[PDB]
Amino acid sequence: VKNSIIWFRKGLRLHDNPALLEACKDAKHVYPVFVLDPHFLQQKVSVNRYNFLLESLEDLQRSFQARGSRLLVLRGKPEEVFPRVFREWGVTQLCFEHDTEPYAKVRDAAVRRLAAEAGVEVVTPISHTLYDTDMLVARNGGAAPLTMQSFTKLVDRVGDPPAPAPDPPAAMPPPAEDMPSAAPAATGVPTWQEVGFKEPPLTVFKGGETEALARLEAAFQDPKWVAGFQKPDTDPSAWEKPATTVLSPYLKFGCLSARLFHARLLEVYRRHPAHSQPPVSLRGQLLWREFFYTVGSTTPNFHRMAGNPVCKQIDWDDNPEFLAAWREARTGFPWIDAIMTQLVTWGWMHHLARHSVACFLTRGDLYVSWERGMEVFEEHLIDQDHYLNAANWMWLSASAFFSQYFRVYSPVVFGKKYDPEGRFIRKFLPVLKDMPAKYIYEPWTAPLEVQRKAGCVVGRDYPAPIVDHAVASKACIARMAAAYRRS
């Protein structure tokens, strides 16, 4: 008989799941499995993103139970767990979504070898991305494109991505009864308290495929807003209703299919001939995701500077003091400190908000390495994506893809153009709620009588600016200029 395992790593969904569809075909028993490492916190990861994963698994558990099945959260390492469940469950086929991250290829290759030793067939369909990334590289002559312009001409030469896969059947072959490794006491979804966390998550974005599909429909309630979407014109100070979709944590964990997103976009574009085009359109935003995935998966040492062929070697400063202030949101610039508070609270910020803090830390003011800023984002972001977090950090530091190091965001002026009253700042920095709008971006410039009135004294209740932007930016620009001439 056919007993199959559908291995969940990314792609935490039932829609557009070709790996799940293959595992259910002519199957007597199907074992949905997520392999959890109970020693992950005893190695880095916030409770916000880890609880987002756990919520995403609870949603899978409910979806499987509605179809007569059950999600199994096995404990341990994959190389030590699968060889046992292969013989115990009588497995003949192992299916999982293909993943191109560096750690995935080593993990998957070892699992492939273990499956071959147990006589288990392996099926690895591509569904986390729009296209077969290796196919894009081969069609381009063996090398990936290094610009969005040329990459967009490539995907237009290949055509539309594959349509989303159909939905799985309403009834699924369940796991076999009375199997010791499938016992409910050892395979349930744990809570964030049981995995070692001590403080509760504070984010407002819930995990799971059902929430992903709900937020997708919410984005498509107005087709005119979808067709006329232009990324650089959106508002980074909007928090009550974010100016963008906030689908990135669902796309990172696979809770929402990218091909489904792209299929829904084409349906709206077909009825609106004046829709925006890449790179600024919503379709272009998934193409940015596809572009960084293609270049990152084929570039050695893509998450670092040394040994990275596309990253410029800049002599960034080893300044732990500036890094600490930036990390702990006490730089003295309320626009920067509020975004860093939104990072640790929600775990998500608007794209232009991430530009402000990443430019400030690197080529703009502090001259700290983008690697150090990356390690801060990898901890707190709930959409933390390997290839995307680096390519955008290398973009903001002018180490790759981007090279206009004379464009330096002002930490005082940038947020003033969108939000003159500073409503975004009072929400996340309530110490400044009563500060008048004239000084909310420059609190150190307010008279002492005003600071005492507003209950916010600079140097006592809120810190002073760590640097003078006029002095710091002119110095970083000169250093980046000499680094570009020596390269």
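Residue indices: 1-based, along the sequence shown.
S.K.: According to the PDB entry, how many deposited residues between residue 43 and residue 44 are absent from the model (none, 1 to 3, 4 to 9, 10 or more)?
M.R.: The entry leaves 1 to 3 residues without coordinates here.
S.K.: Which has the higher mean CA temperature factor in the PDB entry, 10 to 18 or 459 to 467?
M.R.: Between 459 to 467 and 10 to 18, it is 459 to 467.
S.K.: For the stretches 184 to 192 and 358 to 366, which has the higher mean C-alpha B-factor as given in the deposited record?
M.R.: Higher mean C-alpha B-factor in the PDB entry: 184 to 192.
S.K.: When you compare the CA B-factors of 415, 207, 307, 373 as listed in the entry, which one comes out on top?
M.R.: It is 307.
S.K.: Out of 33, 425, 60, 450, which shows the largest CA B-factor listed in the entry?
M.R.: Largest recorded C-alpha B-factor: 450.
S.K.: Please say which third, lowest, middle or highest, residue 337 falls into when its CA temperature factor is compared across its chain.
M.R.: Answer is lowest: the recorded C-alpha B-factor places it there.
S.K.: Quick check on the deposited entry: does the C-alpha B-factor of residue 257 sit in the lowest, middle or highest third of its chain?
M.R.: Lowest third - that is where residue 257 ends up once the chain's C-alpha B-factors are sorted.
S.K.: Can you work out whether the C-alpha temperature factor of residue 56 puts it in the lowest, middle or highest third of the chain?
M.R.: For residue 56, the deposited C-alpha B-factor lands in the lowest third.
S.K.: How does residue 225 rank on Cα B-factor within its chain, lowest, middle or highest third?
M.R.: It falls in the middle third of the chain.
S.K.: Comparing residue 409 with the other modelled residues of its chain, is its CA B-factor in the lowest, middle or highest third?
M.R.: CA B-factor rank for residue 409: middle third.
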